[PDB]
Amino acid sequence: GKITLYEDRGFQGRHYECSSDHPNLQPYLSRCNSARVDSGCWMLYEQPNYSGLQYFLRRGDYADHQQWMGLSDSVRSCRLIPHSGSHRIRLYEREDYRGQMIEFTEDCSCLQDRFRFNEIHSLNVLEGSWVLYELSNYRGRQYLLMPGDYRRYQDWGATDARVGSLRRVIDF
């Protein structure tokens, strides 16, 4: 993967190119207001060490922070998300893999259609990476999920268990 991050809008100003995860961009960028993703799937984070608000970007040009749904020009770390040809996730009503479970292998724009709860309290990512969204139709806060177990909502970087939708990280 390859991303170039620019301080100013429209790909202007000081920039930094990443081909790997970077946990602290402060030495290289004072702000980030545009991005060119040459290849790969990336998660940008507001704070260092993959913390704070998260934003998913894929191949293409983002001329201002709003183009990645950003709320500010704060980008202080970034992660390269591995590709996967298959996706499978189990979502649970209660913490520690209890309560109602539903398994997804495809995107879901309204979680509440079938998973009739407004919160997800634990989940197991069996295959592929996914983005969880606070609100329906892929809106609100984003939380990246990668293969492994998540026993509580704090484990995916959220401050509450509300989820409205979820989609696979795909590069096509």
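Residue positions are given as counts along the sequence shown, with the first one as 1.
Looking at 111-119 and 126-134 together, the entry lists the larger mean B-factor for 111-119, computed on C-alpha atoms. The PDB entry gives the largest Cα B-factor of the residues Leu71, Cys78, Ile89, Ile81 to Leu71. For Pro147, the recorded CA temperature factor ranks within the lowest third of the chain's modelled residues. Sort the chain's modelled residues by C-alpha temperature factor and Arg162 lands in the highest third, per the entry. The entry lists a Cα temperature factor for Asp8 that places it in the middle third of the chain's modelled residues. In the deposited entry, the Cα temperature factor of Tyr153 sits in the top third of values across the chain's modelled residues.
Sort the modelled residues of the chain by CA B factor and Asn33 lands in the lowest third.
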